[PDB]
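Written below as structure tokens is the structure these notes are about.
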Amino acid sequence: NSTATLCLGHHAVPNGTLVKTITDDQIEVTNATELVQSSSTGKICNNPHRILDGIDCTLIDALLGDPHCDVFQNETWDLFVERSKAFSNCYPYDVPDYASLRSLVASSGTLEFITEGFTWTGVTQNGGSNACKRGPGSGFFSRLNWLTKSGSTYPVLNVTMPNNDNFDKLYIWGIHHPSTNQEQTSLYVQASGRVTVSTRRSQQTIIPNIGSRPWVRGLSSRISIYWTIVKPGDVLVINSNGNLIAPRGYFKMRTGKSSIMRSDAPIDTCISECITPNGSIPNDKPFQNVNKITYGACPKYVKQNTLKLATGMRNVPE
Amino acid sequence: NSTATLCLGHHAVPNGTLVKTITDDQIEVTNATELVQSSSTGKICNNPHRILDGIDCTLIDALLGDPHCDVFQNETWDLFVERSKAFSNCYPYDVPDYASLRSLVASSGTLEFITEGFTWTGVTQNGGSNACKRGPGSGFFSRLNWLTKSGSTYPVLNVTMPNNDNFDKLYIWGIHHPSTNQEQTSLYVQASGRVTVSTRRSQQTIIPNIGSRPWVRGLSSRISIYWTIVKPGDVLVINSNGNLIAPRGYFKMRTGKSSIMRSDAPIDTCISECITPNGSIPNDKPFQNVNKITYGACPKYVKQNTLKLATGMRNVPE
Amino acid sequence: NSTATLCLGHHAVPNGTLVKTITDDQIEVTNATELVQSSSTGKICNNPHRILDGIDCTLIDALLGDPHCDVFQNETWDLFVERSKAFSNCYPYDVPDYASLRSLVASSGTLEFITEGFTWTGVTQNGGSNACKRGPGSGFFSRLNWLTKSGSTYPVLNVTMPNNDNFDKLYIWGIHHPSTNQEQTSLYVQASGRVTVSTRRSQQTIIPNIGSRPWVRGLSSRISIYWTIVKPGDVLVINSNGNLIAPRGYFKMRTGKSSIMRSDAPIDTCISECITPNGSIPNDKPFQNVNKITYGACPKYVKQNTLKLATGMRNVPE
Amino acid sequence: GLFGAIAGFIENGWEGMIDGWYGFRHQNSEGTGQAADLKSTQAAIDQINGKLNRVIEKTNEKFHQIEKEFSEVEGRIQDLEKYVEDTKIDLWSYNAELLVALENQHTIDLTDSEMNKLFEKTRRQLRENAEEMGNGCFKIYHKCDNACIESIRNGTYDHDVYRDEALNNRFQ
Amino acid sequence: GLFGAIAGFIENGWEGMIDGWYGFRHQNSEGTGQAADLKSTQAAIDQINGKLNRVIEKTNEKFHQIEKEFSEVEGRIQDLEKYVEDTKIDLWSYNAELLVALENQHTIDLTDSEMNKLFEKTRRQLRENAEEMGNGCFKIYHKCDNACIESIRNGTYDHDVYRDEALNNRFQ
Amino acid sequence: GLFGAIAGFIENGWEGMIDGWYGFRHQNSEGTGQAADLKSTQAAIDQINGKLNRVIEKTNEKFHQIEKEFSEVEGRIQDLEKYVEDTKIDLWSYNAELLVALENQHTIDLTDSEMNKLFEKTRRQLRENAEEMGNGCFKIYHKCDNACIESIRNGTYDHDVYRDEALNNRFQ
Ligand SMILES: *[C@@H]1O[C@H](CO)[C@@H](O[C@@H]2O[C@H](CO)[C@@H](O[C@@H]3O[C@H](CO[C@H]4O[C@H](CO)[C@@H](O)[C@H](O)[C@@H]4O)[C@@H](O)[C@H](O[C@H]4O[C@H](CO)[C@@H](O)[C@H](O)[C@@H]4O)[C@@H]3O)[C@H](O)[C@H]2NC(C)=O)[C@H](O)[C@H]1NC(C)=O
Ligand SMILES: *[C@@H]1O[C@H](CO)[C@@H](O[C@@H]2O[C@H](CO)[C@@H](O[C@@H]3O[C@H](CO[C@H]4O[C@H](CO)[C@@H](O)[C@H](O)[C@@H]4O)[C@@H](O)[C@H](O[C@H]4O[C@H](CO)[C@@H](O)[C@H](O)[C@@H]4O)[C@@H]3O)[C@H](O)[C@H]2NC(C)=O)[C@H](O)[C@H]1NC(C)=O
Ligand SMILES: *[C@@H]1O[C@H](CO)[C@@H](O[C@@H]2O[C@H](CO)[C@@H](O[C@@H]3O[C@H](CO[C@H]4O[C@H](CO)[C@@H](O)[C@H](O)[C@@H]4O)[C@@H](O)[C@H](O[C@H]4O[C@H](CO)[C@@H](O)[C@H](O)[C@@H]4O)[C@@H]3O)[C@H](O)[C@H]2NC(C)=O)[C@H](O)[C@H]1NC(C)=O
Ligand SMILES: *[C@@H]1O[C@H](CO)[C@@H](O[C@@H]2O[C@H](CO)[C@@H](O)[C@H](O)[C@H]2NC(C)=O)[C@H](O)[C@H]1NC(C)=O
Ligand SMILES: *[C@@H]1O[C@H](CO)[C@@H](O[C@@H]2O[C@H](CO)[C@@H](O)[C@H](O)[C@H]2NC(C)=O)[C@H](O)[C@H]1NC(C)=O
Ligand SMILES: *[C@@H]1O[C@H](CO)[C@@H](O[C@@H]2O[C@H](CO)[C@@H](O)[C@H](O)[C@H]2NC(C)=O)[C@H](O)[C@H]1NC(C)=O
Ligand SMILES: *[C@@H]1O[C@H](CO)[C@@H](O[C@@H]2O[C@H](CO)[C@@H](O)[C@H](O)[C@H]2NC(C)=O)[C@H](O)[C@H]1NC(C)=O
Ligand SMILES: *[C@@H]1O[C@H](CO)[C@@H](O[C@@H]2O[C@H](CO)[C@@H](O)[C@H](O)[C@H]2NC(C)=O)[C@H](O)[C@H]1NC(C)=O
Ligand SMILES: *[C@@H]1O[C@H](CO)[C@@H](O[C@@H]2O[C@H](CO)[C@@H](O)[C@H](O)[C@H]2NC(C)=O)[C@H](O)[C@H]1NC(C)=O
Ligand SMILES: *[C@@H]1O[C@H](CO)[C@@H](O)[C@H](O)[C@H]1NC(C)=O
Ligand SMILES: *[C@@H]1O[C@H](CO)[C@@H](O)[C@H](O)[C@H]1NC(C)=O
Ligand SMILES: *[C@@H]1O[C@H](CO)[C@@H](O)[C@H](O)[C@H]1NC(C)=O
Ligand SMILES: *[C@@H]1O[C@H](CO)[C@@H](O)[C@H](O)[C@H]1NC(C)=O
Ligand SMILES: *[C@@H]1O[C@H](CO)[C@@H](O)[C@H](O)[C@H]1NC(C)=O
Ligand SMILES: *[C@@H]1O[C@H](CO)[C@@H](O)[C@H](O)[C@H]1NC(C)=O
Ligand SMILES: *[C@@H]1O[C@H](CO)[C@@H](O)[C@H](O)[C@H]1NC(C)=O
Ligand SMILES: *[C@@H]1O[C@H](CO)[C@@H](O)[C@H](O)[C@H]1NC(C)=O
Ligand SMILES: *[C@@H]1O[C@H](CO)[C@@H](O)[C@H](O)[C@H]1NC(C)=O
């Protein structure tokens, strides 16, 4: 022959991948990549964050000083893990504005407690109750003080405490709601109590409420739990004439990366930066479909289950 | 001739449509389609949802048992429609946290009320008032009980009620704020009242407030309305020594698609899946400019009034 | 020669600009434009809005009528500017729901106060206190009235005031929390007080709380501040038997463009439409990186610091 | 508008064309004619209908939500609710604008691309017997009848039968 | 970058060009020259200015909003407000990034498309007297003067006057 | 799909090609061959890898947030929190969909553009010795050996050596 031939073309594969475009919803390409992470290992790995396992203790129980929560003293964390089997085993209580206090303590990241010297003259300290057994005998919370009458009288308590340091202070106190009107005059001789806790910019006053309630762990009385924050330069004053659950000191307040999360996944010894209640997931893909509750450098939650990005040309087989 | 000619071209129309692009803001195409629905029929159609017309009754009035709201007993709905001409014609009252209770009852979708047997020993039941006439005589709400003194004394009421079923229970109760200090000792001999309603996880205590108020329907006293939710396994306890508006049973709580909406559009017999206060609108277009309050499979609300999508080529007339 | 040559080409510049595209992150073009404003002049200019400089007064102080805030009477604004050096120099007080009242008054835009004629029979008006000196002698707030006992008795105050106009009325009142139990019976002979303020649709009742508090400006007592809104056709009623800080009239409520902002930038005489705490910024660019707190026709806040839009072709130098 | 066919070297459109979107129009030794091209018309229509079905497909279904109209003045919570609502509306209107802006540009470009593809294919069919006149027409240098054009319309033009006389007519 | 004209078979740009964005440069039998092309320059400039006016147009106007900086620690409401604010900022920064990313790509592509359109039009003008040398230049096979190039620049080249001598110069 | 090379006048792909994405395949006077083209392959791969690195780059880092799962029924605040969460999720899923939809279209178009660029460059190399057959192949009108094709593959084809015999073979 006196001629030639030169043809051009591209490459193809026996089986491609289906992707979506602006016009067509199913087009075949030679290759694609996945962009949505849809699985978890099932374990919570403990690097490079600091994980604290709240085995049977909630955060408020470990804060108030429950008897079976005595290993969570002066602890620190980057993520508190609350299990679903957690229970309380002390005096029955209740916290008005529970979520506020839980999120306030969780985001601080410390249970460091400094003991201050209060002076309650005319009353008897260290009250106990058989519903909060600490060992072989009766007891109470470890960070609270139960003040009762001394012999035959209960004077008007008036105390003060300044803040000369350069950090905030968190005080936890409470009030005692009795069951009957005879339990009142046998613990605090006045037929009605009152608690006033004040700073130079705020005030809180509580009055107890006598009444019968369902039996919880053997009692029909209750305890209400309140808190106060004292900023530098300020000064705290406490005034009362009955039904006072006094504090013993103050927790320190911090600021940073710290949170709380409910999950029942076991804890392992990997390295991972994103944590979900289902476990830790790798964050090499931009999106995620595991859980909407996340902690750390995580992907973003989407409703889709698969999103494929084409990384080749169109597959036109022979 | 010894040649030919073959020319190519496209089609055009006498009048096109102006659309926006990335660069140009007004370009002419041969055809376009509209993407924003901007009108409503004016009527509310009653398929395939269940619409309940609250002619003169609000939801809280039909819940408490107003005399002129006695046709809304044991009713169910998928969308409650509240008119603007609605009024109350019974004892004057007020609900602290009104929006919470309204949205809690609306999202449940039932007014089914089961009657339970309470035993109030030592008091007189079924109190009435000429401000809530039921027929020719005096009456009260149909789901509440007004307890007064029996002869010369008013003992301390203490009652209990367990929950052995497998659903939540909703209890509605209240307290009575008198006008003077002589109206107190003539209905409840104690010079001060108190109401405590408790579960194994919560407690609420109210104290009445004596004082004069503006005349509404002929009275200067008031009634405050509170609620409680009892979960399975729990138990409700009520304690009081005056000023108690007692319950008669419990409403049942459900979960699903149900809501409430304020509108004055009449009701018709069409088929439509999206409902707005202006009426029902078709949902074949992806966007909408009628109202931002919607119920059902609706489009999305945008601020624009017209968005045209080109469905042809560029129109270049002769 | 018997031929020619005609070549085509484009233009280039010695130094281009680097922009980002879909594929490449650094490509060179012949020109670009900046889209993020990242600086402010430092001054707050006073056109075309109305700026009011709260030199040493906060909004609540200028509302209640502090002695050193007496130039902010009957004032109007479009943006209130609160400095950080502001202090109070009158009777110590506290507002429950402080943010609600601050945002309610700020968004109305007026301090116009109409004086109404109240009649308090049996009490002594115009009480003073050396902690709120007005000139050379003792005084009080300018919009409140301190009622005390008259000689040897303090009757039950019961007053009414209708609203026959066609606008809302805002009433500011309060209650006085004493320090001891002897300061009570020497100002209001009853050993306990109570304040009830009512409309035809609402009610508020407060009880004072006796107790000691930190010394602020020489006192240990306090004042709590509450408010009420009366709509047209309604009627206000006040009932009390002790501890009443009465009102003197009502503020008028409006609706429009008005707000409040904390900043320490000085005020100048320019023309500008967008205001940030750092000063006013021009709004010719679509985005902004100065502050997320803005007032007026402003750009939008983004996290990026530079976003360049290409306005030329690709630069391929010789 | 990127390929320069529509509104480019094609001056204007034909209003006597009602069969398809693109077509032919020949001037011969017996008289004028006109036809359409179903291939490109169907290609463009399929792409545009696919895009339309992509955008108008339904996604939203909400039943119980927050309060969005109020009758009194309360404070922090109401302000936060109004802020949330306004942010959502402002973020959806922007998407609504940008989507239409992008899709109109792409639609115009693809309808301009189909015309250039048809032209280039026709040019490759008449291998070396025709010359382009620059305004959309081709000049053929041999003698066709109505049975010659129909072969260039349905893809059966055999250029080896007319090549010699075309080469003699266009080079000498 | 899709059409392969700029940074493609056109090696590099000209820095002596200050009149327009695209132009010509001829080498003749009397000396070199240079010019510009206002048509394509104005087309590209109009499109880019339209896009610029599209993006920078003003839409935002807000007066009273929520609190975004706090001095104490309260709880649920403050956490919700900070969450709302952060969500809004994170959703607007993404739009700000994507818009610029898309528009830069489109601008580069349209400026590359104008050059190819000008080249193809010039090729269609010199019907069959010129040959493309592959690097952007055309070789003309007859003798032009400065009055021949100006006719290819303003659209009046009459190829029927030079066709015979070009055909004799380029085929023999 | 805008340029009409892949799935256009190129019928189908080659499955015996494992070196690169684009290549040649010649039929000569001594036997068949096959090769690849590293230039276009590397161009396309660099662009696609750049886009991939653009999308998968990490941005999110959040530590303390709001409550998103509740166990009891409270009221306004919980409803507002659920509304905020749902709005955020619905606004991010839309972005996730649109980004992939746009990028797949652009990737397909750029991989179709590289093939057309390679074809046009090859056509400009064989100046006037070859003719396009319309299906991707070129017909060369002189006699090459394996040392002639390798010169068209690495850019050293000197058309002035074969021009006269090609002109004599293809015009007579
Ligand atoms: C106001 O009204 C309330 C409501 O009725 C009254 O309270 C109840 O009060 C009684 C008083 O004792 C409570 O009784 C005790 O109940 C315990 C609960 O055990 C329960 O659980 C077991 C299984 O764990 C069940 O088998 C059992 O049926 C119960 O359901 C019992 O364990 C107690 O027995 C213990 O102590 C007494 C001595 O006090 C011994 O004689 C017994 O043998 C036994 O050892 C006891 O019977 C009851 O639980 C309360 N119910 C609720 C729902 O709270 C208030 O008393 C009333 N107020 C006044 C002032 O009258
Ligand atoms: C503390 O302060 C408050 C405020 O002043 C006092 O309350 C007012 O109390 C009086 C007491 O009776 C109320 O009076 C009654 O007003 C009714 C309202 O009718 C109104 O509406 C009609 C039109 O519908 C108007 O024409 C009329 O002017 C009123 O505006 C009257 O209808 C009543 O008349 C009925 O009963 C009396 C018997 O009690 C008959 O003699 C009359 O003829 C008539 O049939 C009556 O006059 C008044 O409405 C209250 N005002 C408000 C704003 O609440 C408290 O009394 C005071 N507390 C104490 C302990 O003193
Ligand atoms: C319940 O418990 C509280 C807490 O302790 C008691 O309150 C304190 O009460 C006392 C009572 O007077 C207050 O004392 C006064 O303090 C003033 C504060 O000055 C302070 O500031 C200066 C600098 O500005 C410091 O130098 C100084 O040390 C203080 O820190 C003093 O200025 C007062 O002096 C004035 O008046 C008295 C007469 O009363 C004169 O004799 C003095 O010379 C002087 O002129 C005075 O000393 C004290 O501030 C309160 N502290 C707090 C934190 O509130 C309650 O009294 C108690 N309740 C009952 C019923 O006992
Ligand atoms: C991650 O954990 C969540 C929490 O359980 C899982 O969510 C649920 O899925 C089950 C079964 O589909 C449902 O019955 C629950 O109602 C879901 N809970 C929700 C949505 O809160 C989720 O499926 C887990 N994901 C993976 C990948 O294991
Ligand atoms: C749907 O109903 C709403 C509710 O009335 C209408 O909204 C108002 O429009 C009027 C007149 O333009 C204004 O005076 C009101 O202030 C608007 N109310 C708002 C915005 O809440 C709306 O116009 C109706 N839409 C249609 C298409 O009829
Ligand atoms: C505008 O003002 C704000 C308020 O101060 C400035 O914000 C801060 O920047 C400094 C230094 O970078 C930080 O220490 C602060 O923590 C920042 N405060 C914030 C973020 O609330 C901001 O830098 C100013 N902007 C300009 C352009 O001057
Ligand atoms: C394409 O169109 C041509 C029109 O010329 C069709 O046919 C010719 O076909 C008729 C049918 O019998 C014959 O009589 C002629 O001799 C044919 N002429 C030529 C020049 O071939 C042809 O069949 C059509 N092809 C298809 C596939 O539709
Ligand atoms: C295009 O440019 C040409 C430059 O050659 C213009 O003109 C020629 O026009 C002059 C003007 O009188 C005559 O003297 C020459 O004889 C013309 N030469 C040819 C070859 O035509 C021409 O006028 C310009 N056209 C437009 C529309 O601007
Ligand atoms: C391009 O490929 C050709 C293959 O033909 C290379 O070379 C020829 O080079 C060999 C090497 O010595 C010589 O013996 C031949 O005579 C050459 N033939 C021709 C027709 O030139 C060439 O070197 C390659 N060029 C590059 C830059 O890689
Ligand atoms: C799918 O592709 C893989 C890898 O290319 C190959 O091994 C397998 O045989 C293919 N299967 C089918 C059914 O094409
Ligand atoms: C498809 O792409 C992935 C990465 O995106 C790569 O690992 C894989 O090898 C590719 N497939 C083939 C057949 O090369
Ligand atoms: C906890 O810390 C405080 C101060 O840091 C210290 O006084 C106390 O002894 C510590 N308690 C325990 C159990 O470590
Ligand atoms: C507009 O278009 C319609 C339908 O094509 C036609 O009937 C009408 O005459 C046109 N009007 C004008 C003014 O072009
Ligand atoms: C324009 O498109 C609509 C549907 O998008 C169609 O109903 C209408 O017939 C079209 N216009 C013409 C003239 O065909
Ligand atoms: C409402 O329902 C309850 C239980 O379902 C029933 O006992 C009662 O009679 C019903 N009342 C009416 C009016 O239907
Ligand atoms: C940068 O560009 C400017 C303006 O074009 C010019 O004056 C300057 O010399 C250039 N500098 C460099 C280093 O290219
Ligand atoms: C670049 O563009 C800006 C406006 O976008 C313009 O002011 C400037 O002159 C341009 N640069 C040059 C070199 O023309
Ligand atoms: C404030 O305004 C009221 C009514 O507008 C008026 O009675 C009063 O005198 C004014 N006071 C001052 C100081 O302008």
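Values in this text are rule-based calculations from the coordinates and carry no lab data. Cβ: placed from backbone, ideal geometry, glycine included. Neighbour counts: every protein chain shown.
Every test in (1) out of contact with any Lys or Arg (no Cβ under 8 Å at 6 or more places or on another chain); (2) at the interface with another protein chain (Cβ under 8 Å from one of its Cβ atoms) is passed by residue C:103 save one, and that test is (1). Across the stretch B:204-239, the qualifying residues are those that are over 27 Å from the mean Cα position of the chain (by Cα) and in a strand (DSSP E or B), and the one among them that is farthest from ligand 14 (Cβ to nearest atom) is B:239.
Kindly indicate which of D:136, D:75 is within 30 Å of residue C:105 (Cβ to Cβ), at the interface with another protein chain (Cβ under 7 Å from one of its Cβ atoms) and either exposed (fewer than 15 other Cβ atoms within 10 Å of the Cβ) or away from ligand 18 (no atom under 16 Å from the Cβ) (or both).
Unique residue meeting the criteria: D:75.
For residue A:217, are the conditions met, namely being within 14 Å of chain B (Cβ to nearest Cβ), farther than 30 Å from residue F:11 by Cα and among the charged types (D, E, K, R)? When the stated conditions are applied, residue A:217 passes them. The set of residues in the stretch D:12-22 being surrounded by 15 or more Cβ atoms within 10 Å (Cβ to Cβ) and either farther than 19 Å from residue D:111 by Cα or more than 7 Å from chain B (Cβ to nearest Cβ) (or both) consists of D:20 alone.
Filtering the stretch F:107-125 to residues that are free of Cβ contacts under 8 Å to residues at least 60 places away in the same chain and either of a type in the set (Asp, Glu) or surrounded by fewer than 21 Cβ atoms within 10 Å (Cβ to Cβ) (or both) leaves F:120, F:121, F:122, F:123, F:124, F:125. So which residues in the stretch B:7-25 are more than 7 Å from chain D (Cβ to nearest Cβ) and without any contact (Cβ under 8 Å) to a residue 12 or more places away in the chain? Correct list: B:15, B:23, B:24, B:25.
Considering A:141, A:87, which residue is more than 16 Å from ligand 11 (Cβ to nearest atom), in contact with a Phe, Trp or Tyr (Cβ under 9 Å, 6 or more places away or on another chain) and of a type in the set (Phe, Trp, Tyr)?
Numbers: A:87 fails: in contact with a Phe, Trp or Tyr (Cβ under 9 Å, 6 or more places away or on another chain).
So the residue among A:141, A:87 that is more than 16 Å from ligand 11 (Cβ to nearest atom), in contact with a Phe, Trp or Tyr (Cβ under 9 Å, 6 or more places away or on another chain) and of a type in the set (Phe, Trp, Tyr) is A:141.
What is the residue count in the stretch A:76-122 for residues that are of a type in the set (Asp, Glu) and within 20 Å of residue E:76 (Cβ to Cβ)? Qualifying residue count for the region: 3. Given the conditions (1) of a type in the set (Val, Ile, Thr); (2) within 30 Å of residue A:267 (Cβ to Cβ); (3) in contact with a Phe, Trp or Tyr (Cβ under 9 Å, 6 or more places away or on another chain), which single one is not true for residue A:159? Condition not satisfied by residue A:159: (2). Annotation: of all residues in the stretch A:293-318 being charged (D, E, K, R) and either under 30 Å from residue F:115 (Cα atoms) or surrounded by fewer than 18 Cβ atoms within 10 Å (Cβ to Cβ) (or both), the one that is nearest to ligand 10 (Cβ to nearest atom) is A:318. Residue pairs whose Cβ atoms lie under 7 Å apart, separated by 6 or more positions or on different chains, with the first residue in the stretch C:237-254 and within 30 Å of residue C:153 (Cβ to Cβ) and the second in a loop (DSSP other than H, G, I, E, B) and β-branched (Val, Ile, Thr), are C:241/C:156. Taken over the stretch E:118-172, the criterion of being among the charged types (D, E, K, R) and part of a helix (DSSP H, G or I) is satisfied by E:120, E:121, E:123, E:124, E:150, E:153, E:163, E:164, E:165, E:170.
How many residues are assigned to a loop (DSSP other than H, G, I, E, B) and of a type in the set (D, E, K, R) when one looks only at the stretch C:281-318? Final tally of qualifying residues: 5. The set of residues in the stretch A:33-57 that are of a type in the set (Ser, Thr, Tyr) and surrounded by 19 or more Cβ atoms within 10 Å (Cβ to Cβ) contains only A:40.
Is at least one residue of the stretch C:51-68 within 12 Å of chain E (Cβ to nearest Cβ), more than 16 Å from ligand 3 (Cβ to nearest atom) and of a type outside the set (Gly, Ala, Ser)? No, there is no match, as no residue in the stretch C:51-68 is within 12 Å of chain E (Cβ to nearest Cβ), more than 16 Å from ligand 3 (Cβ to nearest atom) and of a type outside the set (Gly, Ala, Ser). Of the residues contained in the stretch B:74-83, one or more are found to be within 26 Å of residue B:128 (Cα to Cα) and either within 16 Å of ligand 9 (Cβ to nearest atom) or away from chain C (no Cβ under 14 Å) (or both).
When residue B:1 is tested against the conditions (1) within 14 Å of chain D (Cβ to nearest Cβ); (2) in contact with a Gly (Cβ under 7 Å, 6 or more places away or on another chain); (3) more than 16 Å from ligand 5 (Cβ to nearest atom), the lone failure is (2).
Restricting attention to the stretch A:74-102, the residues being among the polar types (S, T, N, Q) and without any contact (Cβ under 8 Å) to a residue 60 or more places away in the chain number 4. Residues in the stretch C:176-208 that are out of contact with any helix residue (DSSP H, G or I) (no Cβ under 9 Å at 6 or more places or on another chain), in contact (Cβ under 8 Å) with a residue 12 or more places away in the chain and within 14 Å of chain B (Cβ to nearest Cβ): C:194, C:195, C:196, C:197, C:198, C:199, C:200, C:201, C:202, C:204, C:206, C:207.
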